Amino acid sequence: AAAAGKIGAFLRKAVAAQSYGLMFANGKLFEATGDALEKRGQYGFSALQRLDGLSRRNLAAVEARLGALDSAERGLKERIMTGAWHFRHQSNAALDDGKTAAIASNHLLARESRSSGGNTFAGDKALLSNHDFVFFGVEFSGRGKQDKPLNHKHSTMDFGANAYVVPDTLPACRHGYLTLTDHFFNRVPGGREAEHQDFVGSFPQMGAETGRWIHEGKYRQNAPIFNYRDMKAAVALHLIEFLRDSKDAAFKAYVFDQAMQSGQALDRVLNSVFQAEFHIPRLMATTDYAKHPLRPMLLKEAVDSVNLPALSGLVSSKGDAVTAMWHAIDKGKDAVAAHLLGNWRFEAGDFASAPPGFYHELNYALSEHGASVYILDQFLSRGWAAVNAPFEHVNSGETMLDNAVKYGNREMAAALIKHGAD
Amino acid sequence: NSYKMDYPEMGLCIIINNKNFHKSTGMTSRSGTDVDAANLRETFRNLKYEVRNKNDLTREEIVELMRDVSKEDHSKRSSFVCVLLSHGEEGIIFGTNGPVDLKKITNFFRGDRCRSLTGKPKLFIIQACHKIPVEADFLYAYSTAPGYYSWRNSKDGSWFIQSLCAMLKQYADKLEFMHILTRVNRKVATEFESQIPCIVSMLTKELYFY
Amino acid sequence: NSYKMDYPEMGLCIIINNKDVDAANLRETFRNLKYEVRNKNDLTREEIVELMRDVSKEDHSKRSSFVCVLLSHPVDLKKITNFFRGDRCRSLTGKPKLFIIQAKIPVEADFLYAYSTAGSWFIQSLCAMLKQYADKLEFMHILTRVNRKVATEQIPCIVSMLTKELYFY
Amino acid sequence: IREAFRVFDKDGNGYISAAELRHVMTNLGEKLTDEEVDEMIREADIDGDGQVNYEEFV
Ligand SMILES: NC(=O)c1ccc[n+]([C@@H]2O[C@H](COP(=O)([O-])OP(=O)(O)OC[C@H]3O[C@@H](n4cnc5c(N)ncnc54)[C@H](O)[C@@H]3O)[C@@H](O)[C@H]2O)c1
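Protein chains in written order, with the UniProt record's numbering: chain V, 49 to 470; chain G, 35 to 163, 185 to 249, 261 to 276; chain F, 35 to 53, 68 to 121, 133 to 162, 186 to 200, 212 to 246, 261 to 276; chain A, 86 to 143.
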């Protein structure tokens, strides 16, 4: 009965180890800084305890730089480390399933057939290899998860139009880690481009200090990472050190008078000095969350992060059908095209000129670098594309088969020789 | 004096755009670049030029087509423009296969070897990411060292190209040419830098697009 | 628009001669522009790097521009330009630093190196156009006419990074 | 270490101790979500997942 709690926690510990062994085996910082682990298919608890060892040294090092402190800022360190935190995802995909939230990593999502469209690049999977984590943005206000997120933006990106707020008391958060900046862009935005200009604007001449001050300027990118235990002390203990090396009236005005009002006078302090980030392991699923529609979704991102129920609600006439089809022609959205080909009835006269915002003709777009073969097959064997017509605007004088053989696409060259002549 | 660009049409505009690179050489994807060629094609074709866009050329294709555009004809043409957008680091443009030195491109356009183009401008806009060949009436404009540290909100275009296209659509009808390139230097320096383009000019007269 | 060229006093024009009528030709034509002329005669092969370093030590804030006519026939300018970078030479900020040279280029904020061939044709034409046209044309156009005259009678190569125009009146 | 070893009371046999019974106990006894349970079961799945062979996970 209650003995199922041990297995329920032991396996949740087991699943989290592998997403940490990946980052501590791959990646280059941990190789260069001595924080690397030998590569192996089956990890153990060596990967998990290494985070504990590395987070303490990150906390100890910043602790030693400061003295014994004083009673003035006890209303700061104790105020922060005894508050309530709520993380926020802000993604454009469908993550509801009625009354759950199956938010998945990049490695899990790409392990099988996916509905991807996130914001990972090469190097992130090479320099760090933290693609097996679910990222979150922190809120320090401590209000209810059902009221609103007042910070609609991370460092600079607006990752989506649907925030998924979760309490930090969830059992799945116990194995994440915190970083005071983006783990790959170790640079706080400062003053001019930081959000909430009504706050930073009223307080000048510290925005230069918050401007671009990187963290752990030892290897210029060796970002500090903290455990779940140490994630609350570090955001406040680092805040004091930044204050100590600062000179202003906001030093004493709204850092030691906001302790009574830990709402918009504390969220905006910590969200401007730092840029927090939480990394939950492979998957985060819970029935305790909130979905806040921040802004109405456009049609472009309903195609990129494939969301068919929202996309079907967006299109109203055939005019938006071809525009959504032109979006699917790029990015290689196989699933979007199949959905659109079942509802509307297109014609070769539709795809005769690139609509505004598109820089390539129909024949070039189909044979681009990352284009999809499924849409090419459904265009050639439907009387919509001329297989042997040559390009007339960009790289002129060539045909589709030239693109396939330049970029080395054997699966597209075979498709072209079959469905056409070339 | 001036170049007397009253010929029946102005010369060509050739745009070379390299974004996807061979993984053997180890180059970044360099996204957000096809908008630049869109701006450049519309801007230069606006005046009188015959734009020829050429995406993702090779180490040999860049050299070969220049040897083809050099020796075709220019007796009825007034100027000549070339634009290079690539991922070169040194003063050499990197092809998708291998690095190519700037000298080889311009050897075909010297007055010795391109007598159809003599006494006429030969512009060269280079946007890398300076072994200049000395010859009269040439003009090179490098713009190296990007890296303003855009976050995951990736840069839409590039500072130099958008500034060049912006200042040239209105001012390039009464304001000279070197009076425009200095403004491009200023706009990048002031509004963008919270490294800078160089204007290696060897023109013997002035240049007016009207 | 253009550089503001009406300071109380005008910048130095240190003419580092080396080894001759062109030097006297340069002295008279830059005196007419209300400059301060400092002729230094023949120096060593390492010359005086401190000569212009000490120039970068006074208060140029009352001086509107700067000219260094390095007329020679093995010291690079990278170890000379570094004294006028604008951060360690904040006195000379946002104001022209012309380097007329006649026998590697350091990209900086506001510099202009008019390097030329190995009185000579370059100097004779350079002084003549400033004598005639230095009332309507900016410094770019005088350098262009000088560019035409030298080649049509082995060519000057203007390299400029100035963010504004330049007028001597 | 032994507490988590011997907590697997619902075993029946040494090597054969889960089959799919692990799927049954987690979603019946706690409030775990099925999307996460199946991913949890994905690990330690060699079609029989012997208890002792999974204690080399330390
Ligand atoms: N999302 C954030 O709030 C956030 C916060 C801090 C930092 N970052 C940084 O920016 C980058 C962006 O990462 P990311 O969060 O966009 O994710 P990602 O690049 O790793 O890819 C995940 C994508 O899959 C989507 N997805 C998740 N579950 C799905 C499901 N069940 N069905 C369909 N789609 C699903 C997610 O919305 C996201 O769009 C990260 O690498 C990280 O470096 C993001």
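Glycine residues also receive a C-beta, built at the ideal position from the N, C-alpha and C atoms.
Item                                                                                                             : Value
Members of the region 436-468 of chain V near chain G, C-beta cut-off 8 Å                                        : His-441, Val-442, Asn-443, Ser-444, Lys-454, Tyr-455
Beta carbon proximity, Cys-116/G to chain F, threshold 8 Å                                                       : no
Three-state class that DSSP yields for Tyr-212/V in the structure shown                                          : strand
Contact between the region 148-161 of chain G and the region 225-244 of chain F (3+ Cβ pairs under 8 Å)          : no
For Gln-225/F, the three-state DSSP class (helix, strand or coil)                                                : helix
Secondary structure of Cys-116/G, DSSP reduced to three states                                                   : strand
Proximity test, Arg-343/V beta-carbon vs ligand 1 heavy atom, cut-off 7 Å                                        : no
Chain-ordered neighbours of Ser-63/G on chain V, where CB pairs are closer than 8 Å                              : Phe-169, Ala-170
CB contact check: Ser-109/G to chain F, cutoff 8 Å                                                               : no
Closest residue to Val-143/A among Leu-318/V, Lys-196/V, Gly-92/V, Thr-371/V (Cα-Cα distance)                    : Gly-92/V
Residues near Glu-264/V in its chain [Cβ-Cβ closer than 7 Å; skip 5 each side]                                   : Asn-270, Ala-271, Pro-272
Assigned secondary structure, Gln-245/V (DSSP; H/G/I helix, E/B strand, else coil)                               : helix
Simplified DSSP assignment, three categories, for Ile-49/F                                                       : strand
Which listed residue (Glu-76/F, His-121/F, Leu-157/F) has its alpha carbon closest to that of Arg-93/F           : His-121/F
Collapsed DSSP secondary structure at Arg-93/F in the structure displayed                                        : coil
Residue-chain proximity (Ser-213/G, chain F), Cβ-Cβ < 8 Å                                                        : no
N- and C-terminal bounds of the beta strand (DSSP E) containing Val-186/V                                        : 182-187
Distance between beta carbons of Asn-73/F and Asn-89/F, contact taken as under 8 Å                               : Contact doesn't hold; Cβ gap of about 16 Å is too wide.
Sequence-distant residues of the same chain with beta carbon closer than 7 Å to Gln-66/V, five excluded per side : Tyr-91
Closer than 7 Å: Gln-138/V CB and nearest ligand 1 heavy atom                                                    : yes
Same chain, Cβ closer than 6 Å to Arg-235/V, neighbours up to 5 away in sequence not counted                     : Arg-260, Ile-262
8 Å Cβ cutoff, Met-39/G in contact with chain F                                                                  : no
Closer than 8 Å at the beta carbon, the chain F residues around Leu-269/G                                        : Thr-237, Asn-240
Uninterrupted beta strand (DSSP E) stretches inside the region 334-418 of chain V (no shorter than 3 residues)   : 338-340
Min CB distance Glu-272/F to chain G below 8 Å                                                                   : yes
Where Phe-90/A falls, given that 16 or more other Cβ within 10 Å makes a residue buried                          : exposed
Presumed contact (8 Å Cβ cut-off) between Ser-112/G and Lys-156/G, rounded CB distance                           : Going by Cβ atoms, the distance from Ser-112/G to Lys-156/G rounds to 12 Å, so no, they are not a contact pair.
Where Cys-148/G falls: helix, strand or coil (DSSP)                                                              : coil
Inter-residue spacing [alpha-carbon to alpha-carbon] between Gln-217/F and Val-442/V                             : 50 Å
Alpha-carbon to alpha-carbon, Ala-369/V and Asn-275/V                                                            : 48 Å
Within-8 Å CB hit, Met-222/F to chain G                                                                          : no
Three-way DSSP call (helix, strand, coil) for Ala-170/V in this model                                            : coil
Separation of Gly-431/V from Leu-388/V, as counted between CA atoms                                              : 17 Å
beta-carbon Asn-154/V near ligand 1 non-hydrogen atom, thresh 7 Å                                                : yes
Same chain, Cβ closer than 8 Å to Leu-124/V, neighbours up to 5 away in sequence not counted                     : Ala-284, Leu-287, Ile-288, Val-303, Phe-304, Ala-307
Pairwise C-alpha distance: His-185/G and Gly-125/G                                                               : 5 Å
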